[PDB]
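Let us start with two forms of the same protein chain, each given on its own as structure tokens and named structure 1 and structure 2.
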Structure 1
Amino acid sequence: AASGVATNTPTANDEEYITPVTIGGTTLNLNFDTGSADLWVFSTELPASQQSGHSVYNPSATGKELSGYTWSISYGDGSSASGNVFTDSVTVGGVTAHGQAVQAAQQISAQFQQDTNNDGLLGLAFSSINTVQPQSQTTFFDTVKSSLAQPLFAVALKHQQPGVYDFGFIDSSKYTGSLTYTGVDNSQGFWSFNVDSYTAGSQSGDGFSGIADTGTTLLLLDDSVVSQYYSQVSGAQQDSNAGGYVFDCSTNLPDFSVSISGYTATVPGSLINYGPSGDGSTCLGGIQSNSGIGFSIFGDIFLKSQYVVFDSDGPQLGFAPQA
């Protein structure tokens, strides 16, 4: 049975988490994203000036082209990428996927052209939303899951410290106590789950659903919950330059918790201070609006407090506080 550990590392302010992946002999630094299902990489098919500052994949060296296949993806912050497809060997923490579909970028939007922290994305949402056309492909996880000791992966993302992605096994030393599991609705291809209630500092409210998404920096909630949270933070104000609600960095923030199948997942107010707003002397809050989409995004701010198991059997999600 195969299992492996890949180490992730946060970039500045934990804006994103990158982990090395070897593709056809070359190691690239990718952003592992449980919110999408495409494995796409910077490649030699991009303009030479955009390859600058990246580790790039060269398909001709080792990949097998899928003639006529293309991919095109667009994300929630408006960024996008597109290209063609090859199959190659992909290794993550010593687990190798032979014949994994690798999406070689031919075009990338400015957001990606500006980010030299990563060389592409490894999607870990359900393969049902993979964008490859005319026939969709399986994520790295779906490709290897029958070979793992257990068909699951787990994640510990940390604040300014290296974390891990465990594939095929659960590391009990990464959390306190026992895991609590909840059912996943994979109908829109996400690791979607329900919360029965929430408490934002001194205010509590009714439940909602959200997705566990390693690829999103913040915890994005309904405007109503955002308002209630910041109404308790002295002097909090929106700052379009910073990207949402900001406050004096020294402010004492209330905690935020959700009740999931009887387990209280709590994000301590210190994790809600994301960092310098990069606009004067204030800090950006880790809780911001989901722009009215109807469901919450449990991004890195939330994940930094938990050890999370993504189990294909059910499917289900297990939660426990990070040790």
Structure 2
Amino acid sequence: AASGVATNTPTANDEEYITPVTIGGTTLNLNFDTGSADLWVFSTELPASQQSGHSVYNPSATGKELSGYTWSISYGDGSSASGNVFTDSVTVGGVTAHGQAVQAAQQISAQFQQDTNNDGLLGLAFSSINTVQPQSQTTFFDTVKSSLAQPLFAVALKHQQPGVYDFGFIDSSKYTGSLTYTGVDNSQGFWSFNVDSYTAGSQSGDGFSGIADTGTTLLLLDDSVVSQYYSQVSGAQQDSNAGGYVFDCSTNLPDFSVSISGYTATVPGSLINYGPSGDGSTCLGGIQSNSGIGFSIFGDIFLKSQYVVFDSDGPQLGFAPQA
């Protein structure tokens, strides 16, 4: 039964976490994303100028083309990417998926162009939301799942230090105490779970639902929750240059916690200080608005505090504090 450990590394300020992936013999640095189900990469099909500062996949060397197939993604921030599809061998931490669908980029918007830290994304959401047409494809995980010792993956993202992605096994040395499991709702294709309650500093409120998303940098919550939080931070103000609420970097920030099936997952105030906003003497808040999308996004800020098990049996999510 297969198992493997892939190492992840945070970029500056922990903006994103990249991991090497070998596709058809070429190693690319990809962002692992539990909020999407596409495996797309920078390719030789892009304009030569757009290929600069990236490792690119050359489909013609080793890929099998799926003639007439397409993929295309549009994000709420206005970015987008599209292209064609090949099947190839994809290796992640010594686990190899034969005949994995690889979405080669043919067009990418400016935000992807400008980010030379990654060469694409590896989707770990449920396959039901893969965007390949006319027939959607399975994610790396769904492709290899049946060959793993256990049909799960676990993540420990860290603050400016290497972390891991464990495929097919749980590393108990990565957390303290025992795991607490909660049921997942994959009806919309996400690792969606419910919280019973939340405590923002000195104020507590009713629970809600959210998704576990390694691809989102911040903790995105309802604006009522965001206000409640920042009403407790002296001098907190919104700065469109920075990207949302900012504060004096010396600020003492309240903790944020959520109650999940009896377990209190706590994000310490020190992790909510994202870093310098890149404009004057302020820091960006790790908690920001979900823009009225209707559900919360438990991004990297939240995940840096926990060891998380993504278990396809249930499906369910296990949580414990990182060791």
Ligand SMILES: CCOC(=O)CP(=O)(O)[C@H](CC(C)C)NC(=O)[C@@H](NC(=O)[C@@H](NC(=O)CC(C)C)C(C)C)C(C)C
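Residue positions are counted from 1 along structure 1's sequence. Between two forms, the rigid core is the largest collection of C-alphas that superpose within 1.5 Å.
Form selected (criterion: the form deposited with the named molecule bound): Structure 1 is the one deposited with the named molecule bound.
Option from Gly189, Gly243, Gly93, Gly76 moving between structure 1 and structure 2, CA shift at or above 2 Å, rigid core reference: If I go through the list carefully, the shifting residue is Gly76.
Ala12: CA movement between structure 1 and structure 2 [superposed on rigid core, Å]: Here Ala12 registers a C-alpha shift of 0.2 Å.
Angstrom shift of the Cα atom of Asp279 between structure 1 and structure 2 (superposition on rigid core): For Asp279, the C-alpha ends up 1.1 Å from its position in the other form.
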